[PDB]
Each structure stands twice: as structure tokens, then as C-alpha cells.
């Protein structure tokens, strides 16, 4: 079969070429400028991989984000991805998507903010305009007083940040198991819950999400939000439709201010710890908001730790209720599903129910590669999998990110969008850190700008924009992309090759 080296080379290159064509982005044809940028990216990628391989040292893009963040930021591939327009971030949580630094430097400088140390020795924050809060399990102190008496305000503010962020130490070392790091993650939300549900802080925090995401060259976001319970200084507690209206008004003002930004849409989330009786009411609520806020309210999702809590099947009559009405109602679902290392259990079989329920996208889908028939349904229906790589590493599904279970999905061209999940919780950027690790760890050394470009286009093409909005957003994205290519050729001194 191979009398000479040319025949062997031809067969080898046919097989390898077939796989390169099959994977995400493999059918893209780059133009001549894109090819110059691609050649540089591929030279850079090869040099870091070959150094790790042949000089026998760890591959930094795949280690704990705690260790790799400060390392990746100085490299050309990272700087290119930082400049690159991302399209959309489609998997985000609204209390976890702006900087803890803003909570500290802005929110905790507002009037009537209190702090206490809880019984686990973490700081909690809240607002009370009607006296200090009751000493229920902790002793509340006015932040303004504690800060002014600290003797070192910079250290005091840095201590707040350090006590709240999950990247203050390496979570893989400090919280070295799934349930320990989920204990720390849940705790983070408890620390901020009081302050971040105060209505004007909540409003301004959401506006900060939009500002930070635009600043990372993201033009569109879909965000999970609980919507409900925002409270005023006088103790007024608002309902979920108010919370939705609040976000709508902020988004409209943001898009008026920044016509280079496509905007935002919202998914109602509820934690999967509640009785089925209550989930039923949240489904009904979501049916009403979907009918009355078409094109801003998207649908429903169930969140919180997947392994120990209620499965989709545990809520199946609630989730089937819209489809069973006369006439039927198609309430879109965005289920977090298969965020687990388990196989053949109630947890990863959530992926089956997600498909039976016609999920528009799947959150995480870490277990999906263990399910060949679910993979085929995902591919044939075009159900995008929202892949959140830093989240899956820090929250205990994988250590070396080259073992991330989405790499084999991308190799088969399962539809995938990259997102950051909870970037504010662990000091990530809106998209650039997660896109970097996806690019360096979840695809191969010979995968270049075509993969980046496809993942960026995917985030618009599998968004929940209607077809007209998608066409408008792609025109804007194409203009950004063209500017990014020209700028990059100038910046990396590539124009003459």
C-alpha cells in the first residue's frame, strides 16, 4: 500500500484532514488577512506546546485558573483573544457577572450598608434603612464606621475582596473536593445576597455587567436571573415582573448609549432545592412573562448544585405543564444539565429529560460525551451546549483542562458556545479567559483562528435572537471582526507576510 513515502504521507494527511474538516470550524475558508493572523497564532500555539512537551514542564493553559490567570495575560494569543469580538455570552448568572471590586469600591460605600462575620468566619453584607439588622447568628456593624476606624482603608477594602473572592487562594488546593468547593461557592452567594438584592444596587450591578461585557468586546448577553425580591430602603419588596422591567429599562438605556452593543435578554432561574409545588408556580410565572415580554423574557432554567438536589424528572409534571395546556404553550427551557462526573445516574440522565423537554440550549453538558444517542439528538436538533471551562475546573469536575469533556464534543462538531458562568466570583473577565482556555485546552495544536471564528459566530447563531435580530447582530459582528483582523495585523507586525 505504501511503496514510497509519498503514498504514506498522502494517506496520513487524508485521515488528519478529514478530522480537521469535521471538527468545529473545519469548513470555514479564511481570507488572506485572516490566514496571516492564523499563521502567527499557530506558530505561537506550537511554541508553547512544544516547550511544555519537550522541556517536560506543565502546560500552563490547562492548570488551575488560580495559577494560569496571571501567566496567560502576558502572551500574544491571550492578547489577540482579548481584542477579538466575542459575539455573545450566553450562560451567565446575574449576581455573579460583575466585579467583586465594584461591590467593594461602589456598593459598600453606599449609605446603610452593614457587615458581619458569620459562624463560618466569612463576611456577609446587607442593607438596612430601618435600623441595624437583628443579631441573628451574627453581629451586624455599619460598614462606614468599620472602614473609618480601620486605620488602613486600602487594607480594609482589600480584606473585603479577599474574603469574598474564590480566587484569593487556589480553590483546587483550599477546597479539594466537589462538595468542599460547592460549600465555598454557595457561601459566596450567601455573603453577597443581602447587599446585591437591594434594588438600586441590583440595578447598578446589572448595568455593570453590561459595561464590563462590552469592555471585553462582547456585544450581547443572555443572563439567568431569579428576578424577584429586590428590596428598597423602606423595606418595600418588589415582584419578579418589576425585576424584569428594571433590567429592561437598564438594557434599553445601555443600547441607546452604545449602539455598538446588541443588547440583552433574560432567562428566569430558580434553584432546584424547592418543592415541586413551588417550581410549578415559577413555571406559571414564566409562561406569563414569556407571553407579555416576548423578545426580552426567554424562558426558564433550574440552577444550583446538580448532584445532590432535585432532578428534572423530579419536576416533570411542572415542566410538562405548558405543553399540556389547551392550546399548548411552548415555554422555552435552558436547563443546566449533566454538570457531573456521574454516569448512569439520576444526574446525568437529566440530559435525556432536557432533550425530551425540547431544551433550546443545554448548560454545561459535561456528561454528554458519555451519552452517544443524546449526542446525536443534540447534533440533529441544533441544541447548543453552553461550555463554561473555568467554572467546570474550579467547581470540581476536572483538573487538567485538556480532560475537559467538551473537547470530544468539539471534535465531532457538536454545536457549542463558550461562556464564563460566574466570572465575578473568581475574578475572570467576561469572556476572554474562558475563550483562551477553550482555545488552548479543548481543541488541538493545529486548530487556529477558524475555531475561534466559528465559536464566536455560534454565540450569535445559537442565541435566542429572532432571525431579523440575528441578521442585524451578524452585520455588526462582521464589522467588528474585520476591524479586529486589520488591527491585529498592524499590532503583531504581520502585514507583509
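Numbering follows the first chain given and starts at 1.
Taking the mean of the C-alpha B-factors per stretch from the entry, tell me the winner out of 435 to 443 and 44 to 52.
On average, C-alpha B-factors are higher across 44 to 52.
Mean temperature factor over C-alpha atoms, higher-scoring stretch between 125 to 133 and 259 to 267:
So the stretch with the higher mean C-alpha B-factor is 125 to 133.
Which one of 326, 225, 199, 174 shows the biggest C-alpha B-factor in the PDB entry?
326 has the highest C-alpha B-factor of those listed.
Residue selected from 68, 464, 32, 459 by maximal Cα B factor:
Across 68, 464, 32, 459, the entry lists the biggest C-alpha B-factor for 32.
Would you check the entry's CA temperature factor for residue 451 and let me know if it's in the chain's lowest, middle or highest third?
Answer is middle: the recorded C-alpha B-factor places it there.
B-factor third for the C-alpha atom of residue 230 within its chain:
Its C-alpha B-factor, which the entry lists for residue 230, ranks in the lowest third among residues of this chain.
Mind checking which third residue 79 falls in for C-alpha B-factor across the chain?
Highest third, going by the recorded CA B-factors of the chain.
Modelled-residue ranking by C-alpha temperature factor, third containing residue 335:
According to the entry, residue 335 has a C-alpha B-factor in the chain's lowest third.
How does residue 276 rank on Cα B-factor within its chain, lowest, middle or highest third?
Its C-alpha B-factor belongs to the highest third of this chain's values.
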